[PDB]
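What follows is one chain in C-alpha cells, specifically the form deposited in one PDB entry.
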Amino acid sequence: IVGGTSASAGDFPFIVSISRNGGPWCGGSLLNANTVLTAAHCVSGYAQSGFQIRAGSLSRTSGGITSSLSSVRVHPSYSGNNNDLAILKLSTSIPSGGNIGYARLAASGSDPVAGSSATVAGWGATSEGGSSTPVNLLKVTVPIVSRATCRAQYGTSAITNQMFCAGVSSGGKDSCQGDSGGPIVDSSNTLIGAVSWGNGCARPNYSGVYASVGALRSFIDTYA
C-alpha cells in the first residue's frame, strides 16, 4: 500500500496474509472456516506447499491463526490478467470470533460506481519497486475510476467486465506488489474485489485494477 495508513484491529476481520516460502507474497479474504479468496496470479501453477495463510492478525508474521493449503482452484476462464481470482481450501479450519470474521460479498452482477469510495488493504510495498514491506497491515481509500476512463488509461481490451479500477488522477494512493489477492471493500466494508494489477504503483493516470467480486460471484458461490 502506497499512501496508506495503519489498519486498526478488526477493520477487516476476514483479511489474511498469504506468505510464500516464509516471505511476504499476497493477501486474501477468508470466506468461511476453510476457504480463502485470492488472486489467481498469487497461486496459479506454484507449489501449494509454499503457502501459509494467517488470519486474525495485523501482523503477517505473528499472532492469529495459521493454515497450510489443501487445494487451489483458479477461475475457469483465468487468462493473462483476466478473471484473476482463485479459491483456496485450508488444511486447518479457522473459526470466526474475536478479530476473525468471514467476508460479506458484493451482490452478484453489481459493479462499483465511479466516484464511490473504496478502501484497499495489504502488506505490500509502500513504494513502487520497494523491497522492504511493512509488518503491520496498511489501508488506503481511493475512489472508483469508471471502466471507460480506465480503458482510456490501459486500452479497451485491457480492462474487461470482470475488472474494475480505483485510484486518484494525481497518483500517490494505490495497492502495490505484495498486495495482490487482498481485499478492496466498499464504504460499508463489503468485499468488492481483490487486488489484481496495474502499471506500476500509485502513478498519475494509471488506476489500480481489481478482479470484480460482483462480476465473478458464480465462481465464488460454486466453490466456497
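We number the residues from 1 along the sequence you see.
Below, we turn to the form solved in complex with a partner chain, even though it does not appear here.
Q: At 4.5 Å between heavy atoms, only one of the stretches 64-72, 155-163, 184-192, 29-37 reaches the partner chain in the entry with it bound; which one is it?
A: Comparing against the partner chain in the entry with it bound, the contact stretch is 155-163.
Q: Mark residue 23 yes when one of its heavy atoms lies within 4.5 Å of a heavy atom of the partner chain in the entry with it bound, and no otherwise.
A: Yes, residue 23 sits close enough to the partner chain in the entry with it bound that at least one of its heavy atoms falls within 4.5 Å.
Q: Consider residue 56 of the chain shown here, and say whether it contacts the partner chain in the entry with it bound, taking contact as heavy atoms within 4.5 Å.
A: No.
Q: In the entry with it bound, does residue 213 come within 4.5 Å of the partner chain, counting heavy atoms only?
A: It does not: once the partner chain is placed as it appears in the entry with it bound, residue 213 has no heavy atom within 4.5 Å of it.
Q: Looking in the entry with it bound, any heavy atom of residue 81 within 4.5 Å of the partner chain?
A: Heavy-atom contact with the partner chain at 4.5 Å: present for residue 81.
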